[PDB]
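Asks: pasting an experimental structure with its sequence.
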Amino acid sequence: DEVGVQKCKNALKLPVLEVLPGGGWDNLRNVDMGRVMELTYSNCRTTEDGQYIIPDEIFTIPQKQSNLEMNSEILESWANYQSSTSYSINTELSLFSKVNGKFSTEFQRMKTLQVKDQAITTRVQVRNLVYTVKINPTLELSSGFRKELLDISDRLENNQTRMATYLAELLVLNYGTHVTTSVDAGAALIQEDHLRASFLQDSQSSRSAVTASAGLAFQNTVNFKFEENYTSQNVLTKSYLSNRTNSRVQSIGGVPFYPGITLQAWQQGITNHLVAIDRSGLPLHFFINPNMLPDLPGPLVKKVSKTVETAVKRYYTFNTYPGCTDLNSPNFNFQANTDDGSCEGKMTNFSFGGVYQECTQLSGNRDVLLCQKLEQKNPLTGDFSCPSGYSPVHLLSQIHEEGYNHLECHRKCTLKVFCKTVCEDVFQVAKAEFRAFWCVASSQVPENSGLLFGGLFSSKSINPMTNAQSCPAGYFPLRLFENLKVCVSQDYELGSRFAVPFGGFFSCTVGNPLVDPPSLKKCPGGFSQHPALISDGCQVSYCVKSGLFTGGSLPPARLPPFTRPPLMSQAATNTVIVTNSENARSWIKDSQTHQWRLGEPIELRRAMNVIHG
Amino acid sequence: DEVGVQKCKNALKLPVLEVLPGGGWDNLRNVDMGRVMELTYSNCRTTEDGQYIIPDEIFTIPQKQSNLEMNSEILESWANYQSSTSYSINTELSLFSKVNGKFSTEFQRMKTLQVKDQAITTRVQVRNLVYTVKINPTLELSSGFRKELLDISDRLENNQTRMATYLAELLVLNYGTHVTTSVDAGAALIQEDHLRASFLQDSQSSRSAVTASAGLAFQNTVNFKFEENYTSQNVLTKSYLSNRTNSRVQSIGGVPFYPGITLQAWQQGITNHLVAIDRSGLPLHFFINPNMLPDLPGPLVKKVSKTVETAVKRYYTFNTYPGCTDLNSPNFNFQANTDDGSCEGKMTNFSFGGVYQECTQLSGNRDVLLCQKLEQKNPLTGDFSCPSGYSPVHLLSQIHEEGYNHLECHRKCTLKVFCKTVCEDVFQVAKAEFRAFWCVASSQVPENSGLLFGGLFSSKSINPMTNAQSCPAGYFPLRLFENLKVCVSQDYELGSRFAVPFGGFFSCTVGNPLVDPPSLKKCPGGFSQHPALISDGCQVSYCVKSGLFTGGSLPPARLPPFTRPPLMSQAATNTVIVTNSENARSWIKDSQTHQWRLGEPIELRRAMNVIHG
Amino acid sequence: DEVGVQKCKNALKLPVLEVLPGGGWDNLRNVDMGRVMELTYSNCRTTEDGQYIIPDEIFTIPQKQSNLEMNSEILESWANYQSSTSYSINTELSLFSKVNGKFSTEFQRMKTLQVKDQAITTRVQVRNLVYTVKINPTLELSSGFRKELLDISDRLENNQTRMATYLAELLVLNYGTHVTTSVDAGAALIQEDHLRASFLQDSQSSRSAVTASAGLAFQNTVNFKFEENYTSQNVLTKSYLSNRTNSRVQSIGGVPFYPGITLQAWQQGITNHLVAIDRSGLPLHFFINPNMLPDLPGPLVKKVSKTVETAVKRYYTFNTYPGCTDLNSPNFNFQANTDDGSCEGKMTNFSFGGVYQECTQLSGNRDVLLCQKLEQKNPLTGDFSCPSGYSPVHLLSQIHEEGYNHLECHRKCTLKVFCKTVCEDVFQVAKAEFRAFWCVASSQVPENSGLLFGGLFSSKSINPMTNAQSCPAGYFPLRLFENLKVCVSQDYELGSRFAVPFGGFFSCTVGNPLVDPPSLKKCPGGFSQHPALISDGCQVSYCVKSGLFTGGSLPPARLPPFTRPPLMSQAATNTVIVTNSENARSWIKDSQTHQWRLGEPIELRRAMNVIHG
Ligand SMILES: *[C@@H]1O[C@H](CO)[C@@H](O[C@@H]2O[C@H](CO)[C@@H](O)[C@H](O)[C@H]2NC(C)=O)[C@H](O)[C@H]1NC(C)=O
Ligand SMILES: *[C@@H]1O[C@H](CO)[C@@H](O[C@@H]2O[C@H](CO)[C@@H](O)[C@H](O)[C@H]2NC(C)=O)[C@H](O)[C@H]1NC(C)=O
Ligand SMILES: *[C@@H]1O[C@H](CO)[C@@H](O[C@@H]2O[C@H](CO)[C@@H](O)[C@H](O)[C@H]2NC(C)=O)[C@H](O)[C@H]1NC(C)=O
Ligand SMILES: *[C@@H]1O[C@H](CO)[C@@H](O)[C@H](O)[C@H]1NC(C)=O
Ligand SMILES: *[C@@H]1O[C@H](CO)[C@@H](O)[C@H](O)[C@H]1NC(C)=O
Ligand SMILES: *[C@@H]1O[C@H](CO)[C@@H](O)[C@H](O)[C@H]1NC(C)=O
C-alpha cells in the first residue's frame, strides 16, 4: 500500500500547489507560523485545469489575472504603509490596525530609508495573480494544534490559571495571532526607489512626471541588459537619477530576476514557481469554538478561547511604542510606532522627588526575611514618605515569592545489621506583598529639586548612560519592584554631567500626574516613553528627553512568553538501606503491582513530591 | 474501482471546465465564497464540442463571441461605476443596488485615483466570450451548506433566537450574499487610463478624439514591443500622454500580458485559460425553500429563510456610509458610498447639552451591583435631567448581562477512611436595563453651550483626536451604553484646542432633532456621519465637521458576525474520594451502562451542567 | 455497457452539433433558458454529410450558404431595431412585438450610443449559414420541465390558485417565454460603426457613398493588419473617419477576430465552431397541450396552459415603459420602450388634493387591530373626504393579511413521577380590506393647490429626491396601500425647493381623469410615467415632469415572481415527559407502524400542523 501525497503523485504525475491556507500568521512581523488546519490528500483532488494536486478541504478559484503599471505610486510617509505581499490581512478593522506589519523586515527597511535620507518612496510592480486558494468552512484542526489546546484545557479544569496563561502565550509563539483563510498564488516583480523629498515639492503637475519616469526606468531595467541602451525620453529622466537615493529591485516568485530578462521571459517562469502575493485571515481565537472542539464541553472551550484572546492582545500591547512620528519636529521619536499626537512640547523641567517601597510579609516568617532585601526608603526623608513639597503616587502592588529549604535526617539500625537512613528535603514558598510609591512636585515651590537622574536598569536590562548594569560616576541605586535599581545622585556638581531630564513613571493601572496641570498615563509632552521591566503582565514605563534613549536601530519584537511559571512547594526523600553483613538475605516488594524481589546490600529509594498551590 | 472527476479524466483525457456556477458570492466585495450547490461527475458529460468535462447538473451554451473596440469609454464619476467582470450581478434591482461592489479592490483603486488626482477614467477592452455556463433548475444543495442550514434549523426549534441569529451571520461570512446561477467563461484584455478632468472639458467634438486616441494607444501597446515604433497619428496623441495620470494594463484570463504580444498571439492562449468575465445570480435566501430542503417541515424552512434574509440585509446596512460625494464641494465626505443629497450646508454651531444614563436592576441583587458601574449623571446638572435651556432625547434602551459566581464546598468522612469532598461552583447571570438619554438645545437662548467636545471611543474603538483609548489634555470621560466613553471638557480655554463642532447622535430607532428646525436620523447638514459602537444589532452614529474624521484611506468592509452568543447559567462540581488506608477495597459502577469497576484511592469525578436561558 | 452521447462518440469519432433547438428562450433579454424538449442519442444519427452527431428527434437541412456585403446598412433610429442574431424570433406577430429584445445587451448598448452621441448606426456583416436545425413535430418534453408542470398541475387540483400562480411564474424565470423550434448554425463577422446624424443629412446621393465607405473600411480592417496599408479611395473615406463615433468589430462563431486575419482564413475556422446566428420559435404555452401531456386529463392541461399564458403576459406588461421616444423633443423620456404618441405637451400645472385610505377589518378582532396601522386621513380635511374644490378617485381595493400568535401551556403530573408538559402555539391569519382614494381638482378654481410634492418610496423602493427611504427637508409621509409613503408638505416656502410637478396616479383598473378635460390611464401629457409598487399583480403608476426621474442608465428587466406565496394558518405543539425518578421504566409505541420501544427520561415529541386556506 501507499498513502498520503505520494499516492497522488504516482497516479497523476503532476506537482502539488505550494501556496496553501490554514497556517498560522504573525501579523506584527508578517511571517507565517505552524499549521493550524489539517491537510489531507485522501481524494486525489486536482485543480479544475488539472495542473496541481490540492488537499481535500481546499477549493481554488481560477482567476488568471495579470496587471501591468505604466506608472508608479508615491508613498511620502511611512504611516500609511502598503505591505505589497500581505496587504489584506494587515488592513483589518481592529484596535491594533496601526501596529500590524510594523515589525516586518520590509517595513523596517523602508522606515530607515525615509528617516536617514529624508526620502520619499515610489513603487512600480508587475503582478500576476493565478489562483485564489481558500478553505472549506467545514474543516477540522491539525493534530499538533489540537494537542496544545487540550493542554491549556487541562489547566483550566484544575484551577491553574497562571500555568494556563503561560501555555496560552506559547501558543502565540508557535502559531501566531491569525490563521490564513485565503491566499493568492502568483508572482510579482517590484521596483522600489527612494527619492529626496525636495524633488517632489515642485507642483501637482511635476508629480505626474516623477511618477511616469519611475515606470519608464522600470521597463528599461527589465529589458536592457544593464547597458545604456535605455530609451531615456527627457532630461527629467536624467534629473530623476540624481535625486534617487536607493533603488532596490525585488522579485517575488517566478524565476530570479536579472537586469535583462525580458518581461516575456519572466512570465514564462511563473509556472510551478508560485508564492503567496496576498493573504486574508481571521484571528486565532475565532477557530476555538464548540464546533472545532467537539470532544470538550461548551463553557470549557470558551475559557480556552478567552485565555488565548488575552494572550494575543497582550502581545500587541507590549510592542506598541507611542511617540512623536513627525521627522521634522525637534522632539522626533525614532523607534515609535503609533502617532502620539504630541509633536510640540513646552520643555518643562520637573522635580524628581524620589522613590520608596514598602513590604509586608505574608507567610514564611523567621526563614527568609523577605521584607529586608525588598524594602527601600526615600533618601530625601529617610522615611516612607515624600518631602514637604511633594506627594506620593502609588505605582504598583504585587506579591513576591521566594523559596526556602529544610533538610532533616535521622538514622536507625535494626538487629545491628540493616542500617536505615532517610534524608528529607522540603521546599516551601515564602510570600510578601510590596507597594512601590513615587513622589511628585505638588506644591509648585521647591528650592532645589533633588536626586538628579532618572535612568534605570533591571536584572535583564541595561542602563544606557553606562551601557552596563551599573551606576554612573557618583550615583547610588535605589531598589524597586523586584529588580529595578534607579540611579540617583543629589550632588549638583558631579551629578550634572549625567543628569537627564526626567518625566515620570506610569504603569498599566496608574498614570503620571505630570500631564494634567484620574491621570492620563500618556507622557508629559516633549518627553519620550521608554519601558522599564514587566511586573507579571503589567508594564512600567518612564519618560525622558535625552535623545540618547531615542535613536539607534529599530528594535525587534518582544516575543512571548512574558510571564514565568510559578513556584511550587516540593519534597524530596532519600531512604538508604545498608546491610552491614553477609549471611543476611532480604526480600523487597516495591509496590502492590511489583512481585517479591531479592534485595541488594545498598538500596537507595527516591521520591519527589510536588503540590500545585 | 474509481470515482469522481478522475474516472472521467482517464476515459476521456481532456480537461474540466474551470468556470462553474453554483458558488457563493459576496456582492459588496465581488469575491466568491464557498460552494452552495452540489457538483457531481457521475455521467461523464462533456461540452457539445467535446473539449471540457462538465458536471451533470450544468448545461453550457456555445457562444464563441469576440468583441474588439476601436474606441474607449469615459467614466468621469465613480458613482455610475461599471465593474467589467461582475457587471450583471451588481446591477440588480434592489434597495442596496447603489452599494454593490463598493468594497471591491477594483472600485477602491479607481475611486482613490479620481479624488487624489482629480481625474476621469477611460477603459478600452478586448473581450472574448466563449461559453455561458448555467445551472439546471432541478439541482440540490451542497453537503456542507445543508449541514449549516440544519444547525440554524435546530436552534429555531428550541426557541433559541439569539443563537440562531448568530449562526445565520456566520452563514453569510462563509457563503456570501448571493449564489451565482450563470457565469460567462472567457478572457479579456483591459486598458485603464486616468486623465485630468480639465482635458475633457473642451467640447463634445474633443470627446470623440480623446476617446479614439485611447483606443489607438491600446493597439500600439499590444503590438509594439514597448518601443517607440508607435503609429502616433497626431499631436493629440502627444497631448493625450501629458494629461494622462495613471495607465494600468490588465489581463483577465488567457496568457499573461506583456507589451509586444500581438493580438493574434494573445488570442491563441485563451484556450484552457478561461475565467469568469461576467456573472449573474440570485440572493442566498432564494434557495432556502421547501423544494431544496425536503426533509424538513414547511413553516420551519421559512424561519431559516427569514433569519438569513435578515442577516444579509444587516450586512448591507452596516457597510452603508451616506455623505457628500461631490469632490468639488467644500464639505466633501471621502469614505462615503451613498449620495446624501446634502452637499451645501449652512455651518450652524450647536450646543452639546451632555449625556446621562439610567439603570434599573432586574435580577441578581446584592451580588454584582450592576446599577453602579453602569450609571452616569449629567455634569451640567448633577442629575438625570437636562439643564434649563435643554431637553432630553432618548437614544436607546437595552438589557445588559453580567455573570457572578458562587463556590460551595463541604467535606464528609465515613468510617474514618473514604473522605468525600464535593466542590460546587454555580455561575448565574445578572441582568439590568439601561436607558441612555441625550440633551438638545430646544430653548434657542443659551449663554454658553457647555462641554465642548464630541468625540468618542469604545472598548474596541479609538478616539481619533488622541489615536488611542484616552481623553485629550484636560478632558474627562462620560460613560454610556456599555463601553462608550464620551470625552468632555467645559473649560473654554484649554478645551478649545481640541473642541470639535458637534452635530448630534442618532440610532436605528431615533433621529436627532437638529435637522428639522418624528425626526429624520439623517445629519444636521454640512456635518458627516460617523459610527459609534453597535449595541446588539443597532448602530449608533454621531455627526461632526472636523475633516480629520473624514479623510485617510478607504476602510474595508465590516464582516459578520455583528452580535455575540449570549451568556448561559452554568454549574460545575468536583467530587473527590480519598481512601486514607490500605486494606480497603472499593467497587464503582459509573452509570447504568457501565460495568462494576475496581476503585482507585483518588477518584475525581467531574460534571458541567449548562441550561439555555 | 455504455450509453448516451459517448457511445456514439466512440463508434463514430466525430463531434456533436453544438447548436440545438428545443431550449427555452427569454424573448425580452434574448438569452436562452433551460431545456424544454428531450434530447436522446439512442440511434447514433449523424448529419447527411457525416460530420456531426445529432439527436434522434432533430433533422438538419444542409444549406451551405455564404453572404458577403460590399455595402452597409443604415439604422438611424433605435425603434426599428434589427437584432442580427435572433431576428426571426423577435419579429413575430403579437401584442408585444415592440418590446421583444428591448432588454438585450446588444440593444441597450446601441440605444445608449444614439442618444448620448446623437448618432446613427451602420452595420456591415459577412454571414455564413451552414445548417438549419429543426425539431420533429412528434417530440416529447424534458424530464425536468414535465416535473414542474406536474407541480403546477397538483395545485390546480386542490383549488390552490395563488400557489399555482406563483409556480407558473417560476416556470418563466427558469424556462423563458418561448421555445426555439429552429436554429441556424453558422458564423458571422459584424462591423458596427456609429456616425454623427449630421453626416447623413446631405442628400440621397450622399447616402450611397456613406454606405459604400463603411463596407470598404470593413474589408480593409479584415485584410490589413491594423497598419495604414489601406486602400483609402477618396477624401470621403477620410471624412467618414472624422464623423465616426464608436466603431466596434464583433465576431460571432468561428475563430476569434483580430485585425489582419484574411477573409479566407476566418472562413477556415468556421468548421467545428458554429453558433446560432438565427432562431425561430413558438410561445411556451403552445407546448402545453393534451398531446405532450398524455398522463393528465384534458381540461386539466388547459388550466396549466392558461396559467402559464397569463404569467408570460404579465412579464411583458411589467417591462413596458411608454413615453416620449423622440430624442429631439424637449420632454424626451429616456428609459422608455414604447412610443407613447404624446411628444408635444402643454405644460399644465395641476393641484394635488391629497390621499386617504379606508380600512375594514374582516377577521381577527381584538388581536392585531389591522385597521389602525393601515388607516390614513387626508391632511387637507382631517377626514375621509376631499376638500371643497376636489373629488375622490378610487385607486385600488385589496385584502391585506397579517398573522398573530397564541401560546398555551399546561403541566400535569401522574403518580408524582412522569411530569407531562404540552406547549401549543397556534398561528392564525387576520384579514382586512383597504380602499385607497385620491383627490382630483374638479372645480377648476382653487386658491392654493396644496401639498406640493408627488414623490414616493416603498418598503422596497427609494425616493429619488432623497436617494433613500426618507422624506426631504420639512416633509411628512402619508401611508398608502401597504407600504407606500407619499411625502407631502404644504409650507410653500421651504417645500418649494423640492416640489415636483405632479401628474396623477393610475393603476391597472382605473385611469387618471387629468387627461380628458371612463378615463384613459395614459398620462396627462408632457409628464412621464413611473411605477410605484405592485399590489399583488396590479401595477400602480404615477406621473411627474422633473427630468431627474427620467435619466440615468437603462434599467434591467423585472424578473418574475411578482407575487409571494400566501400565509397559512399553523399549529405547533411540544409535549415533554420528565421521569423524576429511577426505578421507573416506560415503554412507548410511537405510531401504528412502529414497534414498542423502551422509553427515555426526557422524550420531547414535536408536531407541526398546517392547513391550506
Ligand atoms: C534634486 O532635485 C532638484 C529639483 O527639485 C534638482 O534641482 C534642479 O536641478 C536642475 C539641473 O541642473 C537645475 O536646472 C535646476 O535649477 C534645479 N532646481 C530646481 C528648483 O529645479 C537637483 O539638482 C537634484 N539634486 C541633485 C543632487 O541633482
Ligand atoms: C492638459 O490638457 C490641456 C488641454 O486642455 C493642455 O493645454 C494645452 O496644451 C497645448 C500644448 O502646448 C497648448 O498648445 C494649449 O494652448 C493648451 N491649452 C488648451 C486650452 O488647449 C495641457 O498642456 C495638458 N497638461 C499638460 C501638463 O501638458
Ligand atoms: C462631420 O461631417 C461633416 C459633413 O456633413 C463635415 O463637414 C465638412 O467637412 C469638410 C472637411 O473639411 C469641409 O470641406 C466641408 O465644408 C464641411 N461641411 C460640409 C457641409 O460638407 C465635418 O467636418 C465632420 N466633422 C468633423 C469633426 O470632421
Ligand atoms: C481557584 O483558585 C483561586 C486561588 O485563590 C481561588 O481564588 C478561586 O476561588 C478558585 N476557584 C475555584 C472554582 O475553585
Ligand atoms: C420563546 O422564548 C421567548 C423568551 O421570552 C418567549 O417570549 C416566547 O414566547 C417563546 N416562544 C415559544 C413559542 O415558546
Ligand atoms: C375554490 O376556492 C375559492 C376560495 O373562495 C372559491 O371561491 C371557489 O368556489 C372554489 N372552487 C372550487 C371548485 O372549489
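Replies: Happy to help now that I have it. Numbers count the residues shown, from 1 in each chain, chains lettered A, B, ... in the order given. Ligands and ions are numbered 1, 2, ... in the order given.
Asks: number of nearby residues for the residue of the stretch 151-300 of chain A found nearest ligand 4?
Replies: Per Cβ to the nearest ligand atom, residue A:159 is where the stretch 151-300 of chain A lies closest to ligand 4, at 3.8 Å. C-beta coordinates here come from the backbone N, C-alpha and C atoms, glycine included. Applying other Cβ atoms under 10 Å in any protein chain shown, we find 12 residues neighbouring residue A:159.
Asks: residue A:443 is in contact with residue A:353, correct?
Replies: No - here residue A:353 does not reach residue A:443: they are 10.3 Å apart, not a contact under Cβ atoms under 8 Å.
Asks: which one of these two has more residues nearby?
Replies: Just comparing residue A:353 and residue A:443: by other Cβ under 10 Å the higher neighbour count belongs to residue A:353, 25 against 12.
Asks: so where do the helices sit in the stretch 351-500 of chain A?
Replies: Under the criterion DSSP state H, counting those that start in this stretch, the stretch 351-500 of chain A carries no helices.
Asks: again with the stretch 501-613 of chain A
Replies: Along the stretch 501-613 of chain A, counting by DSSP H, counting those that start in this stretch, no stretch forms helices.
Asks: residue contacts, the closest residue to chain B within it?
Replies: As assessed by Cβ to the nearest Cβ, chain B sits closest to residue A:520 within the stretch 501-613 of chain A, at 6.1 Å. Taking Cβ atoms under 8 Å, 6 or more residues apart in numbering or on different chains, we find residue A:520 in contact with A:511, A:512, B:470, B:471, B:473.
Asks: now those in TSV, please, with extra columns for distance to ligand 1 and neighbour count.
Replies: Converted to TSV, those look like this (distance: Cβ to the nearest ligand atom, whole Å; neighbours: other Cβ atoms under 10 Å in any protein chain shown):
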residue	distance to ligand 1	neighbour count
A:511	46	18
A:512	45	25
B:470	41	20
B:471	43	24
B:473	39	17
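Asks: which one of these is nearest to ligand 2?
Replies: residue B:473 (45.6 Å).
Asks: how about the closest one, what does it touch?
Replies: Counted by Cβ under 8 Å, 6+ apart, residue B:473 has contacts A:515, A:516, A:520, B:494, B:497, B:498.
Asks: related to what we said a few turns ago, what do residue A:353 and residue A:443 both touch?
Replies: Contact criterion Cβ under 8 Å, 6+ apart; residues shared by residue A:353 and residue A:443: A:389, A:390.
Asks: now the strands for the stretch 401-550 of chain A?
Replies: A:417-441, A:456-457, A:476-479, A:485-488, A:502-506, A:528-535, A:538-544 (DSSP state E, counting those that start in this stretch).
Asks: quick one: strands adjacent to the fifth one?
Replies: Pointing back at strand A:502-506 there. strand A:538-544 (antiparallel) (DSSP bridges).
Asks: do the same with the shortest one
Replies: Strand A:456-457 pairs in its sheet with strand A:485-488 (antiparallel), by DSSP bridges.
Asks: identify the residues contacting the nearest residue to residue A:458 once chain neighbours are set aside.
Replies: Distances taken as Cβ to Cβ, 6 or more residues apart in numbering or on different chains place residue A:533 nearest to residue A:458, at 4.4 Å, with adjacent residues excluded. Counting by Cβ under 8 Å, 6+ apart, residue A:533 makes contact with A:458, A:459, A:460, A:461, A:481, A:482, A:483, A:484, A:540.
Asks: find the closest residue to chain C in chain A.
Replies: residue A:64 (17.0 Å).
Asks: can you confirm that residue is in a strand?
Replies: Yes - judged by DSSP: H, G, I helix; E, B strand; the rest coil, residue A:64 forms part of a strand.
Asks: dump the residue contacts of it.
Replies: A:129, A:130, B:251, B:252, B:253, B:254, B:256, B:273, B:275.
Asks: go with 6 Å
Replies: With contact set as Cβ atoms under 6 Å, 6 or more residues apart in numbering or on different chains, residue A:64 has these partners: A:130, B:253, B:273, B:275.
Asks: gap between the closest residue to ligand 5 within chain A and residue A:598?
Replies: Residue nearest to ligand 5 within chain A (Cβ to the nearest ligand atom): residue A:298, separated by 20.0 Å. For residue A:298, the distance to residue A:598 (Cβ to Cβ, to the nearest Å) stands at 55 Å.
Asks: neighbour count: the two, which is higher?
Replies: residue A:298 (14 against 8).
Asks: contact partners for that one?
Replies: Neighbouring residues of residue A:298 by Cβ under 6 Å, 6+ apart: A:290, B:610.
Asks: which residue is the nearest non-sequential neighbour of whatever residue of the stretch 451-600 of chain A ends up closest to ligand 4?
Replies: Distance from ligand 4 to each residue of the stretch 451-600 of chain A (Cβ to the nearest ligand atom) is smallest for residue A:566, at 11.6 Å. Once flanking residues are discounted, residue A:566 sits nearest to residue A:162: 5.0 Å by Cβ to Cβ, 6+ apart.
Asks: okay, now that neighbour: neighbour count?
Replies: Residue A:162: 15 neighbours (other Cβ under 10 Å).
Asks: so how far is ligand 3 from it?
Replies: Distance, residue A:162 to ligand 3, using Cβ to the nearest ligand atom, to the nearest Å: 83 Å.
Asks: three-state assignment of that residue?
Replies: Assignment for residue A:162 (three-state DSSP): helix.
Asks: looking at it, it is touching residue A:567, isn't it?
Replies: No - Residue A:162 lies out of contact with residue A:567 (Cβ atoms under 6 Å); the separation is 10.2 Å.
Asks: put the buried members of the contacts of residue B:473 into a ChimeraX selection.
Replies: One line in ChimeraX is enough to select the buried members of those, burial here meaning 16 or more other Cβ atoms under 10 Å in any protein chain shown:
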select /A:515,520 /B:498
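Asks: out of the contacts of residue B:473, who's near ligand 1?
Replies: Restricting the contacts of residue B:473 to those within reach of ligand 1 (Cβ under 6 Å from any ligand atom) leaves nothing.
Asks: nearest to residue C:76, of the contacts of residue B:473?
Replies: Distance to residue C:76, by Cβ to Cβ, is smallest for residue B:498 among those, at 65.8 Å.
Asks: my read: the closest one touches residue B:472, true?
Replies: Yes - at 4.3 Å, residue B:498 and residue B:472 qualify as touching, with contact defined as Cβ under 6 Å.
Asks: overlap in contacts, those two.
Replies: residue B:465.
Asks: at which residues are the strands of the stretch 101-250 of chain A located?
Replies: A:119-135, A:178-196, A:248-252.
Asks: any chance of JSON lines for those strands, columns distance to residue B:34?
Replies: Shown next, in JSON lines, are the strands of the stretch 101-250 of chain A (distance: least, Cβ to Cβ, whole Å):
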{"stretch": "strand A:119-135", "distance to residue B:34": "8"}
{"stretch": "strand A:178-196", "distance to residue B:34": "11"}
{"stretch": "strand A:248-252", "distance to residue B:34": "28"}
